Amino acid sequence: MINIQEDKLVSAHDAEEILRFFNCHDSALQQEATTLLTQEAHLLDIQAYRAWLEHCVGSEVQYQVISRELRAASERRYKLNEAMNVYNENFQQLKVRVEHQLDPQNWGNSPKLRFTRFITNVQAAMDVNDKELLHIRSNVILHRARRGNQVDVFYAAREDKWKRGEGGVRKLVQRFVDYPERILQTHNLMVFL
């Protein structure tokens, strides 16, 4: 639908992603995706990190959040690394992070943190070549409160791939977030978006 020569602000990646949802919409798939994401967010909000891994995350997962350097709209010569990886985790790396969260000597976890996630704008479409692969897009507002008066709110769009695995359960096999704020004003990005 989008012609990126006329819609000059639109990236090729973005134009490709949109195409995959405007075509045949499947109301029930949208509903399945809504349920998957709501249950994932519930598990994360109550800090059931082991359960999240066991029930929502696939063994072949790529969990990636990037921070893209600010470059000129008209930049065309400078070609060096465009972004850095805030997260770029395989399942084992996610497990390490989960173990870090659950360790009793993680002093930053006492008193207990409070998380609240808000998931919106869910879209879902099956992949054209892998019929077992489901593309899910959603936006998330994540609120984190700790130590009386620290409050950080995160905002992002998530491009996910989910696939049925062990026991027929649909699990996350890829999550990609291009984090919108270049300089984080939230102390850190130590949250699972």
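Counting begins at 1, following the sequence as shown. Whichever C-alpha set is largest while still superposing within 1.5 Å between the two forms counts as the rigid core.
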inquiry  = Quick check: by Cα RMS after rigid core superposition, does 159-167 or 120-128 differ more from this form in 8 other deposited structures of this protein?
reply    = 159-167
note = Stretch with higher mean Cα temperature factor, 69-77 vs 118-126, is 69-77
task = Read off the CA B-factors in the entry, average them over 177-185 and over 17-25, and name the higher stretch.
result = 17-25
key: Among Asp152, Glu166, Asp160, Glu40 - the residue whose C-alpha B-factor is largest in the record   = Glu166
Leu133 - which third its CA temperature factor falls in, relative to the rest of the chain = highest
query = Going by the entry, which third of its chain does the Cα temperature factor of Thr34 land in?
reply = middle
request  = Determine, from the deposited record, the chain-internal third of the Cα B-factor for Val86: lowest, middle or highest.
outcome  = lowest
ask   = Should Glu60 be placed in the lowest, middle or highest third of its chain by the C-alpha B factor in the entry?
value = middle
